[PDB]
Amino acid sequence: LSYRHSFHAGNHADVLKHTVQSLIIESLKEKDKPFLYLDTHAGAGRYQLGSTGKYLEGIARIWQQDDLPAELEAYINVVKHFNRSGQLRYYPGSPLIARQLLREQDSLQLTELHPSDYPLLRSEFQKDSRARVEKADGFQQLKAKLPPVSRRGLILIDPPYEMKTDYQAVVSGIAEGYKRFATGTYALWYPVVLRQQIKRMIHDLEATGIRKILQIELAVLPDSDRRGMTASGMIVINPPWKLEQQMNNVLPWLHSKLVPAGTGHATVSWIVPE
């Protein structure tokens, strides 16, 4: 099988989501008791870069910096593992960040619905039995797979929002999971195409009544109409205690490296305090 390409792989949004994902993982790993990594929309696994691409404006701009903040080391070491030649050939998606950062006793439950990617994802874990890869509706897995036998977990919800109903399924998906496993860490990625649909989403999430909801947004441009995705963010329910401080240490740096021309913003606030 051939690795999927993706013109947008490793852009600013991946750098943010994968930074945060890796920080949550390293943080859950402080205790030597297994945990579960559930990836509702897992993608293909990795992405062949080039033949160009938005990685030149994103991961390429941080991975070899001499002042790389220590809070990005875990993440950047996984990019490097997949790029031994020292140039950027492949970018690891969420499942391979997990595959590489998780220990032998940990588990991964990964769902990818699209027929193009799903075969590649499955081949990524052909000989990794800590993983279960299935072609299924990711939101459905929040009903079924929780709680995990381990009673510890990071749940990553990273939908493409190519259907506006995604703004719905994420809030009710998280409500379904939270009901069954109220102490897990849920990390929801979101693109800011039209800010309004993000404000609706955040409110429903607030309607849920769930507590301790952190917000981390990195915008490259201002809120714009018909200029595509201007920003992206991670919404973390039950963030590990020092995630907010790590993101305040590292996010200005991220923003100055990814957005050298000074547009946008980079903020770390609480959607629901606890």
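Position 1 is the first residue in the sequence shown; the rest follow in order.
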Q. Which of the two stretches, 240-248 or 40-48, shows the higher mean Cα temperature factor in the record?
A. 240-248
Q.
Quick check: 63-71 versus 209-217, which has the larger average CA B-factor in the record?
A. 209-217
Q: Quick one: which of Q196, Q105, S150, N77 shows the highest Cα temperature factor in the PDB entry?
A: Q196
Q. So where's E30 on the chain's Cα temperature factor ranking, which third?
A. middle
Q: Name the third of the chain's ranked CA B-factors that contains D158, choosing lowest, middle or highest.
A: lowest
Q) Taking the C-alpha B-factors as the PDB entry records them, is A98 in the lowest, middle or highest third of its chain? A) lowest
Q.
Please place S232 in the lowest, middle or highest third of its chain according to the CA B-factor in the PDB entry.
A. lowest
Q) For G86, does the deposited CA B-factor place it in the lowest, middle or highest third of the chain? A) middle
